[PDB]
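Here you get one chain, nothing else, as structure tokens; it is the form deposited in one PDB entry.
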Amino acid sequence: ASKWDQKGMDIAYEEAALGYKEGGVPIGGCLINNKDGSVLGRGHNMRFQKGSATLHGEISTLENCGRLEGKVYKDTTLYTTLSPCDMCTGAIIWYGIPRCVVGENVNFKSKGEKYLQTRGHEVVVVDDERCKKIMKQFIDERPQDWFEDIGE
């Protein structure tokens, strides 16, 4: 485990909770440079905040980093409170982000988690209970909104 994992998941959960407060889906994340622990960006799901079909927590996080050179992505970790969907898996693959740390994969899991390993990326599931609890609360109280985010 990398020394910044605790920092990364803390920030990612902060983003998920902030997003929950604003009325949206409690999925957050951030991008951390593995060398020195700098936070390149952070964000949360913007489906309800901005009416966005594409701004998942992982995409929002990457957009909030701005355009980075390819070399930067190559030594980063992306932290996300929920297991990534097929789109966010593709983003991680496309940018070449070597490490993906997942809060939990209990309330949601896609084929992207294993496809990340197939494409050579390290996936870490921490099984964070704070993430599980906030995500389970949203699902339980707004289930119809929940199925829209995963395109069911």
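Numbering starts at 1 and follows the sequence shown.
FYI, the form solved in complex with a small molecule isn't displayed, but the following is about it.
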Legend entry - Close approach of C88 to the small molecule in the deposited complex, 4.5 Å, heavy atom: yes
Inset, instruction - Answer for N45 alone: is it within 4.5 Å of the small molecule in the deposited complex, judged on heavy atom distances? - result: yes
Inset, instruction - Verify the contact flag for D145: yes if a non-hydrogen atom of it lies within 4.5 Å of a non-hydrogen atom of the small molecule in the deposited complex, no if not. - result: no
Legend entry - Contact label in the deposited complex: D149 to the small molecule, heavy atom within 4.5 Å: yes
Inset, instruction - Among 31 to 39, 65 to 73, 112 to 120, 79 to 87, mark the stretch whose residues have heavy atoms within 4.5 Å of the small molecule in the deposited complex. - result: 79 to 87
